[PDB]
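Chains as they are written, first to last, in PDB author numbering: chain A, 988 to 1550; chain B, 1129 to 1269. Data first, discussion second: the structure below is written as structure tokens.
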């Protein structure tokens, strides 16, 4: 404590972006810090900014004085919300040390974009208007803590607007005007002048929050929204008569929770979807999981945990099928068809129905998601994004420099080859039980996806940088023979290569929780091993994003498979 | 039904002229609602098909015109709120059938059709407990 504090005034001025590391207790807390660091470093380096979500997003309005109070339920607070609206004014301390501590306790539990709102008194906040200097200095802590969306008011000083529009970096700007009185209707030219203040300052999104004295004022909002289309518009009324304007809003509807001080009567995530269904935005759809041995699939338990948390009106069930024509005349052609999640004996046959296959569906040769689109159906393979996101959730970087190893030629063998190439492995090394189904994988994959086949034991010594292995042998045979000798000299060159992570193996079989290959890579040569309960979730997480358009609540769907 | 003293006879706007003129020349006092439903469900609420069927109702001296759509999205319910603004000569009933046209049934003043649990129901009209709950959940009550 002696050596740190004397350099705090020389570290925090000589840096144009800050970041905060803390002591993490659980592995979920470690994971959220290294996930919110990637989107931070995708923002402050400037590669891919989060571009203003094109679906129907929402934003949780954290109205707490200190977020260590509601700290365990914060993963339950941020459910269905695609951004976090920190209101910086209503912190108990508006100091630079406190706001950076409250941003520290949210990237540990929520890997979400932060909307840095310093709302002033004339627009409904607890920050004063007469101290302009600590407002300009607060929005500059949003640029330098790497938040995603900064809040610049439009009835603000014009030196503050042109300072957090020339020094914004890659933190996007939302421009707000609020009618606290309610004397403007949505035909007055003051709303047109505020949209043109958003177009002229080159703000990314514009916010126009009115106040509804009748239900007609919600339909005057939607006639303003279709006459003003250049910059995206978060426009919604307030009061207890403007609930249609928050329900019908597309980008960044403010939501709240039971555990938060909801004062501007914002809806919860259940009440927003329940009202969107009763006015006809959603339909009661039916999703299915199809395959021959479907008696213990554990996929309907995952999705039904997410529809319940978000209050969407969908159901997930099973349909035993062996042919693809019974899927089309019992599930697909019905008007309540929502999508499919296709399992093992039917992955190859459902590719004939996708009029738009993704690039992963062509390269792998199996489709496990069939959602309807305009004029046909869309086919995606989310098994590569389950083999991948199981690695990224256990500390492997998304674009690291290591090498891989696919042990087996099973049903998931081709996705694991594809997931290893778009991981960043410079070379994939196939090592199989028997060499019969071996060379077919190289003739059916591009030479860019180099699959150097290991054939002898001396070749294991030339196999370099293997720290992202995947095992997809069936877990019926304890490992022996020619195959065991190939792997044991492969995993031995493990942690000493040090590519920024600990060497990782991912077992792909769900039901054998401790596979013999999971013992040998962990109890002998010290790797991090991941069970196949993690792949069944992360395959289902991207199917949940594809089926519903909504990010799935992870602890609610993880604690639906693990029982 | 005119002879039995019903209060709202219901001609259709696509009826033959010798039946719209026969009913509307001896209605006496029974008001005429003039209907045209889009049963296929492709005409959005900005065609000249909906201006004509409205204008057929004003031309036949109908006291209410009914114009019933079918919603394929939530925009056809907000397309209907702009059609009722432009046409307030005669009283208008205008809603969008289907599961995606529930908002146009909640936001409709004159004679919103409802149904009950002890009746057969095919066009998915809400009850009085759901029409007043959704009108509360969007902030009219």
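Even for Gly, the Cβ is constructed at its ideal location relative to N, Cα and C.
In the DSSP assignment, the beta strand (DSSP E) including residue i goes from what residue to what residue?
i: residue 1454 of chain A; result: 1453-1458
i: residue 1240 of chain A; result: 1240-1242
Taking CB distances under 7 Å as the criterion, tell me whether residue i reaches chain B.
i: residue 1207 of chain A; result: no
i: residue 1255 of chain A; result: no
i: residue 1360 of chain A; result: no
i: residue 1044 of chain A; result: no
How far does the alpha helix (DSSP H) with residue i in it reach, from first residue to last?
i: residue 1274 of chain B; result: Examination of residue 1274 of chain B is not possible in this model, given that chain B is present from 1129 through 1269 alone.
i: residue 1153 of chain B; result: No alpha helix (DSSP H) contains residue 1153 of chain B, which DSSP labels as neither H nor E.
i: residue 1408 of chain A; result: 1400-1408
i: residue 1205 of chain B; result: 1203-1214
i: residue 1292 of chain A; result: 1286-1297
i: residue 988 of chain A; result: Element bounds for residue 988 of chain A: n/a, residue is neither H nor E.
i: residue 1526 of chain A; result: 1520-1535
i: residue 1449 of chain A; result: 1446-1449
i: residue 1007 of chain A; result: First-last for residue 1007 of chain A: undefined, no H or E at that position.
i: residue 1477 of chain A; result: Unbroken run through residue 1477 of chain A: none, as it is neither H nor E.
i: residue 1503 of chain A; result: 1503-1506
i: residue 1233 of chain A; result: 1230-1234
i: residue 1028 of chain A; result: 1014-1030
i: residue 1428 of chain A; result: 1427-1430
i: residue 1186 of chain A; result: 1176-1187
i: residue 996 of chain A; result: 995-998
i: residue 1542 of chain A; result: 1541-1545
Does any C-beta atom of chain A lie closer than 7 Å to the C-beta of residue i?
i: residue 1166 of chain B; result: no
i: residue 1158 of chain B; result: no
i: residue 1237 of chain B; result: no
i: residue 1242 of chain B; result: no
i: residue 1227 of chain B; result: yes
In the DSSP assignment, what are the bridge partners of residue i?
i: residue 1275 of chain A; result: A:1304, A:1327
i: residue 1198 of chain B; result: B:1225
i: residue 1415 of chain A; result: A:1391, A:1438
i: residue 1138 of chain A; result: A:1161
i: residue 1491 of chain A; result: A:1455, A:1515
i: residue 1220 of chain B; result: B:1193
i: residue 1254 of chain A; result: A:1242
Under 7 Å Cβ-Cβ, which residues of chain A neighbour residue i?
i: residue 1265 of chain B; result: 1230, 1262, 1265
i: residue 1199 of chain B; result: 1267
Please compile the residues from chain B whose C-beta is within a distance smaller than 7 Å of the C-beta of residue i.
i: residue 1268 of chain A; result: 1202
i: residue 1234 of chain A; result: 1266
Just to check, is the beta-carbon of residue i closer than 6 Å to a non-hydrogen atom of the ligand ZN?
i: residue 1071 of chain A; result: As far as ligands go, the structure on display features none, and thus does not contain the ligand ZN.
- Item | 4-residue-minimum alpha helix (DSSP H) runs that sit fully inside the region 1332-1398 of chain A, ordered along the chain | 1346-1351, 1371-1379
- Runs of alpha helix (DSSP H) wholly within the region 1044-1130 of chain A (minimum 4 residues, chain order): 1061-1064, 1083-1089, 1120-1130
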